[PDB]
Each structure stands twice: as structure tokens, then as C-alpha cells.
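Asks: 3D, please:
(4 chains, ligands or ions: 3)
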Amino acid sequence: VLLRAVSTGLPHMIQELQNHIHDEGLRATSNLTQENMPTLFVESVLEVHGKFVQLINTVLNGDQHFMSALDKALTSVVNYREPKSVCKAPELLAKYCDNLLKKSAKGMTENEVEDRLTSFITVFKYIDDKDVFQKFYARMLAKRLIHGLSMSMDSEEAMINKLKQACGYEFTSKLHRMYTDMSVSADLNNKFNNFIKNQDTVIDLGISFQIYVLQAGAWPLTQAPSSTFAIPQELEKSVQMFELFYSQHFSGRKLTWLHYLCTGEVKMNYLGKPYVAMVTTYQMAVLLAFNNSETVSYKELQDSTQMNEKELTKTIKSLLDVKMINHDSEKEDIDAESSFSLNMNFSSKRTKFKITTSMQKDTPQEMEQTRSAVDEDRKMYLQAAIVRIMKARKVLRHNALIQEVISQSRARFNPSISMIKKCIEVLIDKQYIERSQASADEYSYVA
Amino acid sequence: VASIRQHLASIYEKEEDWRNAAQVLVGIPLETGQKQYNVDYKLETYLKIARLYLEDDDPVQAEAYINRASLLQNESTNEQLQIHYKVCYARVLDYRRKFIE
Amino acid sequence: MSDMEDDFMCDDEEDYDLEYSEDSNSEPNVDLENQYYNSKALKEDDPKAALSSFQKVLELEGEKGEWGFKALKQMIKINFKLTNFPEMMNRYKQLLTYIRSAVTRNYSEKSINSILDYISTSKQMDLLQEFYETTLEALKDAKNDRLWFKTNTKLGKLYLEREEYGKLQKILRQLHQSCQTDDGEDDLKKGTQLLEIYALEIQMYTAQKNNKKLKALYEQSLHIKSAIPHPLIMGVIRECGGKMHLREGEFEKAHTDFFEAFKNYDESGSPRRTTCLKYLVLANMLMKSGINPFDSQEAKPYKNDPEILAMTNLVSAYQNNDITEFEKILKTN
Amino acid sequence: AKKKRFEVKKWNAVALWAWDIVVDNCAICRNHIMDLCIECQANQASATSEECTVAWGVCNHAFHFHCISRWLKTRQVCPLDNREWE
Ligand SMILES: [Zn+2]
Ligand SMILES: [Zn+2]
Ligand SMILES: [Zn+2]
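Replies: Residues are numbered from 1 along each chain as shown, chains lettered A, B, ... in the order given. Ligands and ions are numbered 1, 2, ... in the order given. Below, you will see the structure:
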């Protein structure tokens, strides 16, 4: 009442409302979840944001001086903290979103979660991280989409929309295609069967048959060479035969190769009750070895396989550390024999822990390894960001740009202010009117 | 595939069956399965497809092939393979009858 | 007659999945063998006389380990092929009770979808409608943002086939009420979803061929701007804009309409794709700009389709202005 | 005995992206293959995400009109897609 009655006080509130809200923003959002459980960090962002907004909820009664301070405060919370990495909240948000979006981590009732996500978006309005969040989430989502362990499809889409109204298009669009990719792809698998191998009558050996479009539009991944795999008949009939019908499916929508969808589900009646399960890659070869002989020696075998050994260091670490796999002999350079043992293991050693098997490392570790690359991508993103910003105005005065970029670069991605003159003079010099020198009148002419 | 097409095209060239050597070479070993080839090897293969159709005087198909090779000569840095490109495009122009060009 | 090997395999595989999810709840129980109850119920090569095992299945189901679900699903499958639909409906309803109660939603959701597939194979539309009705009967829950709607949408498509509009129109009103009109204004998708209703309405009125009404629908679909889901159907509505321009004769706008529509068709597939291209070429000639007939990226290879290649001939003979040739193509084809 | 002996799994490493149809940017002057160029500003065509100014039909070598045409006029072999310039 006083600060309203006396004129000058409110801008001070602009000052004060940012600082402690920011300060606790260091601890309560950032410092409080080092443990790095994603749910915890999201809750921490919620903690600072909600608590302080509630502070505002009082007699402050809106009064935008207060809210603007709050806007700056949260901007400071996510952005301004000691760690340069702004994406940590979105990193923990992405994982958490997947957690909410999957049946695995947290089971809840449908669309209540939407409500929770709604509150998340509300807090999210301040956050700048779409590169990590969108791409990395799409990446994790792609992996989980391969997994299929999801709470639901539509709610995921709802979360997408929550972002979508507010955010950039391709960020959403690629995911849309990824979603549709899976959907239409399942339809495609049905089609691929349905031409000759109808629902009832299939003229094929039959491994699980599912694949995606293998198109340029769907994926967030980068380029990494894989090893040379023999790819047997069932693998052939799943994919390659598909390539035949794929021409029938898409004539003109060409192929970007993706083996990763090779599907396998085993229904085996070894013991009275058909069991559907999933297992590793090597013993299958051993089974093949068994059909033909008892053993397949590594000399000819190695001669036959010739895997590209880029990844092998990580592979070796994983195979040696696991020791879950029934193998002949694991040696450093070359394993002399690959005619692996019988079904030695079941799900777990102990019940408290000592739980860990199927082979985990390839699965969550990829990003773990990729972080160097992703951060490099962050660097690239920033580079692209300056590029994206700097292209905007053809004829201007330099001062005119001021306070323009803030609209484009604040909330969506992390701001990069310092690059302006350098970017103009270095990048922009192509077909444009250049003011390298503002005083004199002259510059570049387009062809 | 790469071996069978080079040798089968060479032995149809022994028979002077230019059309069928061109025809079997349509299934180009490109990037398709295991092997990732060279710009120069595959461009040699495309100019082979070209001269083997143009010896049977198939200007439309080999014109499409020489246009996608005009796309693909931009990556090959050889004189002589681009000289064979000039050979094939000159035969196409003799079939195109575009006498200004 | 006898059940299918394929069906058998499917059940085996999902029991397989039950097990895996069950491993996680290694700690839990109640689901251990009910899967075997399915394995006896469906499997053991006995879809017939198997009925007690369905009862055995009835004891209790979990989320992960839920094989019993597919058992009842198999009885729904059995009730048409083997002994009759009364239990198919009954046990189906039993499955319907399963919305939240100790059962995985995605699993049941997709599995029910496959059930609908089984029914579609069974009583193509006619009995299938009743199963949809019962499904909706499960669907009463407020939480279901799209859930009832989707099921209703499938049933609505059946209505599109049967031409049962009285129910369908009401459904449209109901789903419309699902959106902003009642001031609900929010769901998983924008507002409700407010896209698919446009598609169903357009399809309905196209069946009617009430073009003016279709025009009205187009006017409504100006409102697509309001709701943005992204379905498969997208090329069809864009076709309608061109169609409107077919109604109008304003080929300028129709060109863009068919252009984007054809693109969307490429995205979807070719029920209409070639036709869209036909109209697109027709638009090009009426817009009178032959410069890029096929010339996007794709149409050029697409035109190679000999059925449609005639359109290329038209644009050619039109562009080249050989009346003899052009008319030849007209008269000949 | 024989209950889980390591048969077919789903397995994923990194493959793609962005794709390897090239498809390229009308390189004589090289506004982006989605972007509407200067030569399609007085034209203003509905241009595809791989059509900056591209018509690969019978015309077949169609880039930015006067820039591909300037690469055409000094010698009439315009060899990037190898035909006359649109
Ligand atoms: Zn432009
Ligand atoms: Zn121009
Ligand atoms: Zn272009």
C-alpha cells in the first residue's frame, strides 16, 4: 500500500524480486538435484518457480513490475547460474517427460499427466534449451519409440502440442514425422505382408517382421559406421524383401538405410510352454554352428565376418565386464573360438541387486558417450543460431538492430549477443548492401 | 556385383553386344549393400553404360545417365575420366543434334 | 474351423511380453501362470473345448504379465470362427471393465484395436458396430481425451460406409462439444483435436455430394488454423479446396491446393494421388502455366506412371500447342 | 536345457542423418534448395523444400534463371545438369 501510494518504490521491486528468487534458483532448482534424478530436478525447477510465484500471489497482486522481475529472475535461474550449460533443466526434463511418457518408470492415470505437463509448460515458458530438449528428447524418444515402452501415444502428442503452440516448427515437425513414421510404418509392415504374405497365409520363414520407412525425414541421428554383418535370410526377408515391396510402397520416396529395426521375438516350445522372449546376437550364430557342426572356428569365421572395429574398444569393455554371456574364451585381441556355450543364465543372480542382464551398455550409454558430440553440437547450434539471427535485415542502420534479437533469442534458445559485428563483416558479405563502414556511403553489390 | 558387371560388360564388349552390356550394367553397384564405392570407379561404370548404349544408339536412356553423371562428374577430379565424360556427352550431342551447343 | 497358427503365434508372443514385463515385477505375483491359462486357453493347440482355461485366466491379471487379456481376446476371436459371439461380447465387455483396473492401457489399447481388426474380419461392419458400441460403453470416462473419440471415429468411418448419418451427425455434435464449444477448449490435441471432425464431415458430405454443404465444411476447415493435429488424411481436405475451385473454377488457388495435396498424398499413399496429380495438371493448364508441370522434385518421376503419363502428354501438347496431337490424346483417350 | 539361447533381438546403433539423396542447391548461384531465390521473386512460384529454382524435366538443367543463363551465354554447354539453362 505504501509502495503503491508513494510513487518511486516499484522499480526497486523490479530489483528485489529478481535476486533472491534467482539466488534460491541457484540452490533450489540447480543445486538441489545433483543426484540427477530427472523427476527431482523438474520438481526443483517447480520448487523455485512455484514458491516464488506464490510469494507474488500475495498482496503484490500481479503488478507487472513484480512479474517482470520474476521473468528476469527465472531467466537468471535457468540461464544465469554457475554452470554455463543451460540445458540441464531440459535434460532432466526430457528424461522425466520420457518417464511420464513411459510405462516403465512411473505409472499414472491418463491425461492427469497432461495436467502435470501443463504445469510444466507453464514453468517452462522461461527456458531456452530447445536444441537439447527437442533434439535430445526426440533422440531419447526415438530410442524409446523403438522400445515401445510408452504410457500412451496421444498424451505424448499432447505434450508435443503444448510445446508446439509456443515453439519452432521443425523441432515439432520432425517428431511428427517420426510418430507418423512409426504409425504408417506399422501399416507398411502390414502391407509388406499383405501383398503375397497375406494376414492368413504368409509365404516366408518368419522372424518378427517390423521396420520403419527408413526415410530421410524421420530421424535425429548422426553418422556412425557399423560393422559388416552377414544378415541371414530371415533378416533378409524382414528387410530386403521389404525393399522390394517398399518400391511398391514408395515409388519415389527413396531409401536411407537403417538396419536398426531388425526385429526378433522368440516363441519357443522347448519346454511345454511356449515362451516369448528376447536374447542376444551371438548364440544365434552358435545355434547356426550347431545345426551345421559343433563348432565354428574363428579363423575362417573371422575371415568371413570382418567387422569394422571402430566401436570394438567399448564392445570389448562391455563383453569382458558383463561375464553374463556364455562364451568360449574372451581374450584381448582375438577370440580364437566362437562356438559358445549353452543356456547358462536366467534373469538374475540375486534379488536385492546383482540383478543386471540383458546387455545394457550399448543401450543407455550411447548418449553417455555422445555427450562430447552433443556439446559440440551445442557449439554448432550456437553457430547456427548466430547465422539464423544475422540473416534477418537487408537495409538497416546498425543501431536499429538493438532490442530486436531479444525477442528471437531469449526464450527459445540461449542468446549470443557479442557476435553481431563479426558475423556481419565475416558471413554476410554475399549479395547484400553492406555497411562495413557506416560513415562513407558504399558497399557490396549483388550480381 | 562390381566384378561381375565389369567382366560381363567386358566380355559382351568382346561380343560387341553393347546394348546388353549396357543393360546388365543398369543394376549399378552403387552403395547398395556392403560396399561403398569410389566416385571414379562408379563414374567409369556410368560412362561405360553410356558408351555401350550409344554404340547401340540409345540416346534417351544414356542421355539420362550422362545427365546424372554430369551431376556426378562434379565430384570426380580426373582429367581423363572427365575426358570420357566429354566423349559420351559429345556422342549425345551428335544424337541431340544441338549444333550451337 | 480350427484356429490359426498365426493366432497361436500371436498369443504366444504376447504371453512372452507378459513375462518380460512381469520380470520387472519379479517382486510381484497373481500373474504367474494365468499366462499359461491363456497358453492352455488359446494354445496347447486348442482353441476349442479350452474354455475352462479362460476361467482359469479369470483369476487375476497384472500389467506386465497380462496374458489373460489376450486369452479373452482369443475367445472374442473364437466366438465367431469357433462357437458363437455371445461370449465374444461378454468377455469383450469383461476386457472393457479393464480400463484402469490393474491392466496396462497401451497394451490393452492396441490389443483391442487388433480385436476390432478381428471383428472387422468377422462381421465386417454389421456386428462390428455393436462391439464399437460396447467399446464406447467402456469409454464413458471423462479422462479419455481422444480415447472414446478415436473409437467413435472408427465407428464413424463405419457409418461413412453404411451411410448411417443420424448417429454420425450426433457423434459429430458430441465431439464438437468435446471442443471449445462447451468451453472445454482443451484436450490432448488442440481444443479437442478439432481436425478429424473436419475430415469425417467432408467425407460424409462427399458421400452426400452436397457440394454447397461441402463448401460450408470448407468454410469450417478454414478453422483448421485453430486445431493442429497431423494425420494421414491431410491431402484429402486440401484436395477439397481444389475441388471447391473445381466448383468455382478458380484454378489459380486449386493449383496450390492440388499441389500441396499431391505432396500430402505422396506422404500418405495413392488412393487419390494420381487423381490429385491429374487435377493438378489440369490446374496447371487452367492456370495456364506449364512451366513446371511435374517440376517440383517428384512429379517428374511420378509422371512416368503410364496411366498418368497421358497428363504429361496433355501438358506437352498443350504447351507445345499441337492441336492435332493434343486432340489426338483427347479423342484417343 | 533349451529355453533362452540368444535368438533374434532388436538392436540399434547410429545409422542416418538429413539423408543421402544429395540432392543439391542449384549450385550455379546457390540460394538454399528450400529458399525462394531472386529469380523466383518476380516469378514467385510455390517452391518445394528441394526446389529453390529447379525444373529437372526435359528442360532438365534449371537453376536460378539468369545466373544459370549467364553460365549458359558465354558458352552454350551449361554442364552441371548438362543442358541449356532455365
Ligand atoms: Zn528468398
Ligand atoms: Zn530468374
Ligand atoms: Zn530447387
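Asks: drop to CA atoms for contacts and neighbour counts, all remaining ones
Replies: Fine.
Asks: Neighbours of residue A:402, how many?
Replies: Residue A:402: 9 surrounding residues under other Cα atoms under 10 Å in any protein chain shown.
Asks: make that residue B:37, sorry
Replies: For residue B:37, the neighbour count with other Cα under 10 Å is 13.
Asks: Then residue A:195?
Replies: 12.
Asks: pretty sure residue C:144 is touching residue A:112, no?
Replies: No - the pair residue C:144 and residue A:112 does not pass the contact test of Cα atoms under 8 Å, sitting 10.2 Å apart.
Asks: In chain C, which residue sits closest to chain D?
Replies: In chain C, no residue comes nearer to chain D than residue C:295, which is 4.6 Å away by Cα to the nearest Cα.
Asks: I'd like the distance between that residue and residue C:236.
Replies: Applying Cα to Cα, to the nearest Å, the value for residue C:295 to residue C:236 is 22 Å.
Asks: ditto for residue B:52
Replies: Between residue B:52 and residue C:236 the distance is 46 Å, computed by Cα to Cα.
Asks: What residues does the closest residue to residue C:254 other than its chain neighbours make contact with?
Replies: Leaving out its chain neighbours, the residue that sits closest to residue C:254 by Cα to Cα, 6 or more residues apart in numbering or on different chains is residue C:242, at 3.9 Å. Applying Cα atoms under 8 Å, 6 or more residues apart in numbering or on different chains to residue C:242 gives the contacts C:251, C:253, C:254, C:255, C:256, C:257, C:258.
Asks: Closest to ligand 3 out of the residues you listed?
Replies: Distance to ligand 3, by Cα to the ion, is smallest for residue C:256 among the contacts of residue C:242, at 17.3 Å.
Asks: The closest one: what secondary structure?
Replies: Put simply, residue C:256 is helix when judged by DSSP: H, G, I helix; E, B strand; the rest coil.
Asks: ok, it touching residue D:48?
Replies: No - Residue C:256 is beyond contact range of residue D:48, at 11.6 Å (criterion: Cα under 8 Å).
Asks: Just the element for residue A:276, please.
Replies: Using DSSP states H and E, residue A:276 sits within strand A:275-277.
Asks: ok, now which ones touch the closest residue to ligand 1 within chain B?
Replies: Ligand 1 sits closest to residue B:71 of chain B, with a gap of 24.7 Å, by Cα to the ion. Residues in contact with residue B:71, defined by Cα under 8 Å, 6+ apart, are D:80, D:81.
Asks: you'd agree it is in a helix?
Replies: Yes - counting by three-state DSSP, one finds residue B:71 located in a helix.
Asks: circling back: how far away from the center of its chain is the helix or strand harbouring the residue nearest to residue C:254?
Replies: Assigned by DSSP H and E, residue C:242 belongs to helix C:234-248. The chain centroid and the centroid of helix C:234-248 are separated by 21 Å under Cα atoms, centre = their mean, to the nearest Å.
Asks: can you check stretch A:31-40 too?
Replies: Distance of stretch A:31-40 from the chain centroid (Cα atoms, centre = their mean) equals 19 Å.
Asks: do stretch C:125-143 as well
Replies: The chain centre lies 16 Å from the centre of stretch C:125-143; the measure is Cα atoms, centre = their mean.
Asks: How about the residues of chain D by ligand 1?
Replies: D:36, D:37 (Cα under 5 Å from the ion).
Asks: Can you tell me how far the residue nearest to residue C:254 is from ligand 1?
Replies: From residue C:242 over to ligand 1 the distance is 27 Å, taken as Cα to the ion, to the nearest Å.
Asks: what's the answer for residue C:277, then?
Replies: 27 Å.
Asks: Now that residue: phi and psi?
Replies: Torsion angles at residue C:277 (phi, psi; degrees, to the nearest 10) stand at phi -70, psi -40.
Asks: which residues does it contact?
Replies: C:258, C:259, C:262, C:308.
Asks: Name the nearest residue to residue C:48, ignoring sequence neighbours.
Replies: residue C:82 (7.2 Å).
Asks: before we move on, which element is the residue of chain D found nearest chain C in?
Replies: Taking Cα to the nearest Cα, chain C has its nearest neighbour within chain D at residue D:55, 4.6 Å off. Of the helices and strands defined by DSSP H and E, none includes residue D:55.
Asks: Could you give the number of residues near it?
Replies: Residue D:55 has 21 neighbours, counted by other Cα under 10 Å.
Asks: And residue B:16, by the same measure?
Replies: Around residue B:16 there are 15 other residues, counting by other Cα under 10 Å.
Asks: Over to residue C:159?
Replies: Number of residues near residue C:159 (other Cα under 10 Å) recorded here: 21.
Asks: Tell me how far the residue of chain B found nearest chain D lies from residue B:93.
Replies: Closest contact between chain B and chain D, by Cα to the nearest Cα, is at residue B:101 (4.9 Å). Noted for residue B:101: a distance of 8 Å to residue B:93, by Cα to Cα.
Asks: Also residue A:332?
Replies: As judged by Cα to Cα, residue A:332 and residue B:93 stand 61 Å apart.
Asks: Any idea how far apart the tips of stretch A:268-279 sit?
Replies: Start-to-end, stretch A:268-279 (Cα to Cα) is 12 Å.
Asks: Can you give me the buried ones in that stretch?
Replies: For stretch A:268-279, burial by neighbour count (16 or more other Cα atoms under 10 Å in any protein chain shown) applies to A:268, A:273, A:274, A:275, A:276, A:277, A:278, A:279.
Asks: Name the nearest residue to the fifth one, sequence neighbours excluded.
Replies: Right, the one you point to is residue A:276. Residue A:276 sits nearest to residue C:16 (Cα to Cα, 6+ apart), 3.2 Å away.
Asks: and whatever helix or strand the one you found lives in, which residues are buried?
Replies: Taking DSSP H and E as the definition, residue C:16 sits inside helix C:5-24. For helix C:5-24, burial by neighbour count (16+ other Cα under 10 Å) applies to C:7-22.
Asks: Give the other helices and strands that that helix contacts.
Replies: Helix C:5-24 sits against strand A:266-268, strand A:275-277, helix C:34-41, helix C:68-81, with contacts defined as 3 or more Cα pairs under 8 Å, 6 or more residues apart in numbering or on different chains; DSSP states H and E.
Asks: Can you tell me which of these is most buried?
Replies: When you average the neighbours per residue for each of the helices and strands packed on helix C:5-24 (mean count of other Cα atoms under 10 Å in any protein chain shown), helix C:34-41 leads with a mean of 28.
Asks: Next SSE downstream of that helix?
Replies: The helix or strand immediately downstream of helix C:34-41 is helix C:51-57, counting by DSSP H and E.
Asks: quick check, that next one touching chain A?
Replies: No - Helix C:51-57 stays clear of chain A (Cα under 8 Å from any Cα of the partner chain), getting no nearer than 14.2 Å.
Asks: That helix - contacts with which helices or strands?
Replies: Counting contacts by 3+ Cα pairs under 8 Å, 6+ apart, helix C:51-57 is packed against helix C:34-41, helix C:68-81.
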